Every structure is written in C-alpha cells, then in structure tokens.
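Each chain, letter by letter, is given below.
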Amino acid sequence: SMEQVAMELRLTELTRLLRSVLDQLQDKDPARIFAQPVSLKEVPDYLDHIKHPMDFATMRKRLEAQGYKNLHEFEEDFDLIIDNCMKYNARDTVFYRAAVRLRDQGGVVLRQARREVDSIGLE
C-alpha cells in the first residue's frame with residue numbers, strides 16, 4: 001500500500017535523525033569507554049550484575065536495521081549504557097565518572113532531538 005510506504009519513509013527519516021544523534025552522543029565519549037559491549041571474557045561475572053547490557057556498537061546495529069520505532073526506544077538504550085555503568089562501577093572510578101559526563105553532555109543533545117522529532121513529525 002502507499003500507506004505502508006509512507007510509514008517506511010517516516011521510519012527511514014527517523015533513522016537518519018537518530019544516526020546524527022548517535023554520532024553526537026558518542027563524541028561525548030572520547031575515551032571510547034562505551035563503544036563496545038563489556039567483554040564476558042574479561043568481566044566473567046558481568047551478567048550476574050547487569051541484566052540488560054548495552055553499548056554504542058549494539059545501538060548502531062539496531063539503528064541500521066531500523067529497529068528504533070521512536071525516540072523513546074533509542075533513549076531507553078542510551079540510558080542503559082549510563083545506568084549499567086553507574087551501578088557496576090563505584091563513584092571513584094574513571095568508568096563511573098565517564099558515565100556522569102556522558103549523561104550530562106548527552107542531555108543537551110537529546111533535549112533538542114526531542115523537539116526535532118516532534119516538530120518534523122517523525123513518529
């Protein structure tokens with residue numbers, strides 16, 4: 001149907017905007033602490049602690065498969081990256097502190113992303 005195609009165009013445009021958001025958020029992690037999944041070889045007890053691991057590479061895979069239907073779903077995954085880190089790692093670690101900085105700097109980006117999704121009408 002034309003309606004299916006129109007919905008697909010909307011999803012494709014959302015994916016374009018979220019790719020831009022993702023790039024901006026990842027720039028706020030210059031240490032690349034959140035770039036890849038936590039290694040279960042190197043942290044073998046991780047899944048005893050963290051029930052839903054997340055990282056930027058895993059978000060990018062879902063994104064390129066157009067697997068985010070709205071901004072809320074994308075934000076859920078970003079918040080997992082930060083929240084997982086702030087539970088597993090203590091306050092006096094480079095990891096926890098990187099997550100605080102990513103949260104703080106990323107909030108700015110997400111604030112405007114919300115306005116753009118609403119404005120242009122992408123979901």
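Residues numbered from 1 in each chain as written, not as in the entry; some residues may be left out. Heavy atoms only, no water. Residues with missing side-chain atoms left out of burial classes, pairs and counts.

- Its PDB record attributes the structure to X-ray crystallography, giving the resolution as 1.4790 Å.

- The name given to the chain in the PDB entry is Bromodomain-containing protein 1, with the source organism recorded as Homo sapiens.

A word on the environment of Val94
(1) Moving on: If you trace the backbone, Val94 turns up in helix 5 (residues 94-120).
(2) Moving on: Judged by its relative accessible area of 56%, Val94 is exposed.
(3) Moving on: Considered as a pair, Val94 and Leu47 are 47 residues apart in the sequence and their alpha carbons are 21 Å apart. (Helix = DSSP H or I, 4+ residues; strand = E, 2+ residues; numbered from the N terminus. Buried < 20%, exposed > 50% of the residue type's maximum accessible area, 1.4 Å probe, protein only.)

Comments concerning the packing of aromatic side chains
(1) Moving on: Using the criterion set out here, one finds three aromatic pairs in the structure.
(2) Moving on: Measuring from ring centre to ring centre gives 5.3 Å for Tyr46 and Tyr88, while their planes differ by 65 degrees; the resulting arrangement is edge-to-face. Highlighted residues: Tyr46 in helix 2 (residues 46-49) and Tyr88 in helix 4 (residues 71-88), separated in sequence by 42 residues.
(3) Moving on: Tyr46 sits in the buried class, given a relative accessible area of 7%.
(4) Moving on: Given the relative accessible area of 31%, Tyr88 is considered partly exposed.
(5) Moving on: Seen in terms of ring centroids, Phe56 and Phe78 are 6.5 Å apart; in terms of plane orientation they differ by 25 degrees. Their pairing is stacked. Of this pair, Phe56 sits in helix 3 (residues 56-64) while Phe78 sits in helix 4, and the two are 22 residues apart along the sequence. The pair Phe56 / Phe78 is uniform in exposure class, with both members buried. (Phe/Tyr/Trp six-rings, centres within 6.5 Å; stacked < 30°, edge-to-face > 60°.)

Let's talk about the nonpolar core
(1) Moving on: Ranked by internal contacts, the top residues of the largest apolar core, which has 28 residues, are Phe56, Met59 and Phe74.
(2) Moving on: Among the elements of the structure, helix 1 (2-27), helix 3, helix 4 and helix 5 are those that each provide at least two residues to this core.
(3) Moving on: Here the element with the most residues in this core is helix 5; it accounts for eight residues. (Core = buried A, V, L, I, M, F, W, Y, C linked by side-chain atoms within 4.5 Å.)

Quick word on unusual backbone geometry
(1) Moving on: Non-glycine residue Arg32 carries a positive phi angle of around 60 degrees.
(2) Moving on: With respect to the secondary-structure elements, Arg32 resides in the loop between helix 1 and helix 2.
(3) Moving on: The class for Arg32 is exposed, based on a relative accessible area of 54%.
(4) Moving on: Positive phi outside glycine occurs at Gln66, with the angle close to 50 degrees.

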